[PDB]
Structure formats: C-alpha cells, structure tokens
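Heads up, target23.pdb below (PDB, C-alpha atoms):
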```pdb
ATOM      1  CA  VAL A  83     -43.872   9.597  20.191  1.00  0.00           C
ATOM      2  CA  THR A  84     -42.415   8.269  23.472  1.00  0.00           C
ATOM      3  CA  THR A  85     -45.541   7.535  25.508  1.00  0.00           C
ATOM      4  CA  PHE A  86     -48.110   5.109  24.101  1.00  0.00           C
ATOM      5  CA  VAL A  87     -51.415   3.452  25.021  1.00  0.00           C
ATOM      6  CA  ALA A  88     -52.324  -0.223  24.694  1.00  0.00           C
ATOM      7  CA  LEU A  89     -55.065  -1.071  22.197  1.00  0.00           C
ATOM      8  CA  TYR A  90     -55.476  -4.676  23.376  1.00  0.00           C
ATOM      9  CA  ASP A  91     -54.678  -6.880  26.350  1.00  0.00           C
ATOM     10  CA  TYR A  92     -51.401  -8.812  26.074  1.00  0.00           C
ATOM     11  CA  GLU A  93     -50.323 -11.684  28.321  1.00  0.00           C
ATOM     12  CA  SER A  94     -46.582 -12.363  28.411  1.00  0.00           C
ATOM     13  CA  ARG A  95     -45.422 -15.744  27.130  1.00  0.00           C
ATOM     14  CA  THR A  96     -41.671 -15.840  27.839  1.00  0.00           C
ATOM     15  CA  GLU A  97     -39.062 -14.162  30.019  1.00  0.00           C
ATOM     16  CA  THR A  98     -38.604 -10.946  27.999  1.00  0.00           C
ATOM     17  CA  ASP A  99     -42.105  -9.720  27.110  1.00  0.00           C
ATOM     18  CA  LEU A 100     -44.328  -7.443  29.200  1.00  0.00           C
ATOM     19  CA  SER A 101     -47.966  -8.137  30.050  1.00  0.00           C
ATOM     20  CA  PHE A 102     -50.336  -5.193  29.853  1.00  0.00           C
ATOM     21  CA  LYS A 103     -54.029  -4.281  29.705  1.00  0.00           C
ATOM     22  CA  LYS A 104     -55.982  -2.374  27.064  1.00  0.00           C
ATOM     23  CA  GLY A 105     -55.714   1.300  27.960  1.00  0.00           C
ATOM     24  CA  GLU A 106     -52.538   0.946  29.937  1.00  0.00           C
ATOM     25  CA  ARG A 107     -49.935   3.565  29.080  1.00  0.00           C
ATOM     26  CA  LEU A 108     -46.398   2.604  28.238  1.00  0.00           C
ATOM     27  CA  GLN A 109     -43.194   4.602  27.828  1.00  0.00           C
ATOM     28  CA  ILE A 110     -41.325   3.379  24.722  1.00  0.00           C
ATOM     29  CA  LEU A 111     -38.167   5.292  23.923  1.00  0.00           C
ATOM     30  CA  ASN A 112     -37.101   3.288  20.872  1.00  0.00           C
ATOM     31  CA  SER A 113     -39.839   2.292  18.430  1.00  0.00           C
ATOM     32  CA  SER A 114     -37.860   2.696  15.215  1.00  0.00           C
ATOM     33  CA  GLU A 115     -37.175  -0.964  14.405  1.00  0.00           C
ATOM     34  CA  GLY A 116     -38.473  -4.449  15.034  1.00  0.00           C
ATOM     35  CA  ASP A 117     -41.801  -5.992  15.957  1.00  0.00           C
ATOM     36  CA  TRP A 118     -40.970  -5.866  19.664  1.00  0.00           C
ATOM     37  CA  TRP A 119     -40.304  -2.621  21.518  1.00  0.00           C
ATOM     38  CA  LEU A 120     -38.995  -2.170  25.017  1.00  0.00           C
ATOM     39  CA  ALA A 121     -41.738  -0.613  27.099  1.00  0.00           C
ATOM     40  CA  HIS A 122     -42.179   0.582  30.670  1.00  0.00           C
ATOM     41  CA  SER A 123     -45.642   0.588  32.241  1.00  0.00           C
ATOM     42  CA  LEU A 124     -46.838   3.806  33.793  1.00  0.00           C
ATOM     43  CA  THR A 125     -49.366   1.643  35.696  1.00  0.00           C
ATOM     44  CA  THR A 126     -47.276  -1.210  37.135  1.00  0.00           C
ATOM     45  CA  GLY A 127     -43.667  -0.041  36.761  1.00  0.00           C
ATOM     46  CA  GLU A 128     -42.798  -3.287  35.018  1.00  0.00           C
ATOM     47  CA  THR A 129     -40.596  -3.244  31.924  1.00  0.00           C
ATOM     48  CA  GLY A 130     -40.247  -5.495  28.926  1.00  0.00           C
ATOM     49  CA  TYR A 131     -40.935  -6.046  25.269  1.00  0.00           C
ATOM     50  CA  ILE A 132     -44.358  -5.430  23.730  1.00  0.00           C
ATOM     51  CA  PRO A 133     -45.734  -6.030  20.235  1.00  0.00           C
ATOM     52  CA  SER A 134     -45.427  -2.940  18.031  1.00  0.00           C
ATOM     53  CA  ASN A 135     -48.924  -3.368  16.610  1.00  0.00           C
ATOM     54  CA  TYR A 136     -50.545  -3.285  20.088  1.00  0.00           C
ATOM     55  CA  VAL A 137     -50.038   0.394  20.852  1.00  0.00           C
ATOM     56  CA  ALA A 138     -51.171   3.826  19.660  1.00  0.00           C
ATOM     57  CA  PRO A 139     -49.757   7.276  20.593  1.00  0.00           C
ATOM     58  CA  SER A 140     -50.476   8.806  24.003  1.00  0.00           C
ATOM     59  CA  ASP A 141     -48.546  12.080  24.075  1.00  0.00           C
TER      60      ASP A 141
END
```
Structure rendered as structure tokens:
Amino acid sequence: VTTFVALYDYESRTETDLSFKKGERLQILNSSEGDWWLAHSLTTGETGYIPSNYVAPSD
C-alpha cells in the first residue's frame, strides 16, 4: 500500500506533522516503521508526518 485514506481529522501541532481531513487521500511511500509516517496530500499538496493509526488503504 502506497496510497491511503484518512479515517479521522488531524490538526497539526508542531512543525513536522501534516494536518488532514477525514477522507483525504495521502501518498505514503514508507509505512514500515514508526508511529509517524511521511505523507503527501493528494488534496492540498502539503507534505508531512501523520499518525500511523489514522489511515486505511486507498489503492
């Protein structure tokens, strides 16, 4: 899986995390380790870290 969909809204809290809305689709090329995965929004074009438990597959 390299494209994912948000299950919940997330508001960013620091300089490295990415805000996103429930249903927003995210490209995530590395999801093999950690609680935070680097994601790129297919909606907004913004990029940053998202919580691993906030997304489900979308490809």
Selected by the PyMOL selection byres ((chain A and resi 98-114) around 7) in the shown coordinates: which residues, as a list in words?
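On this input, the PyMOL selection byres ((chain A and resi 98-114) around 7) captures residues 84, 85, 86, 87, 88, 89, 90, 91, 92, 93, 94, 95, 96, 97, 115, 119, 120, 121, 122, 123, 124, 125, 129, 130, 131 and 132 of chain A.
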Output as AutoDock Vina command-line options the centre and edge lengths (Å, one decimal) of the box along x, y and z of the file that holds every listed atom of stretch 87-90 of chain A after adding 6 Å on each side.
```
--center_x -53.4 --center_y -0.6 --center_z 23.6 --size_x 16.1 --size_y 20.1 --size_z 14.8
```
Selection result of the PyMOL selection byres ((chain A and resi 133) around 6) on this file, as number ranges by chain:
A: 117-118, 132, 134-136
Contacts of residue A:83 at 8 Å or less, counting all atoms listed in the file, minus same-chain residues fewer than 6 places along, as a ChimeraX atom specification?
/A:139-141
Once you have the residues from the selection above, write them out as a short mmCIF file (atom, residue, chain, number, x, y, z; two decimals), in the frame of the given file, restricted to C-alpha atoms.
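Okay, this is what ended up in result-v8.cif:
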```cif
data_model
loop_
_atom_site.label_atom_id
_atom_site.label_comp_id
_atom_site.auth_asym_id
_atom_site.auth_seq_id
_atom_site.Cartn_x
_atom_site.Cartn_y
_atom_site.Cartn_z
CA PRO A 139 -49.76 7.28 20.59
CA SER A 140 -50.48 8.81 24.00
CA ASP A 141 -48.55 12.08 24.08
#
```
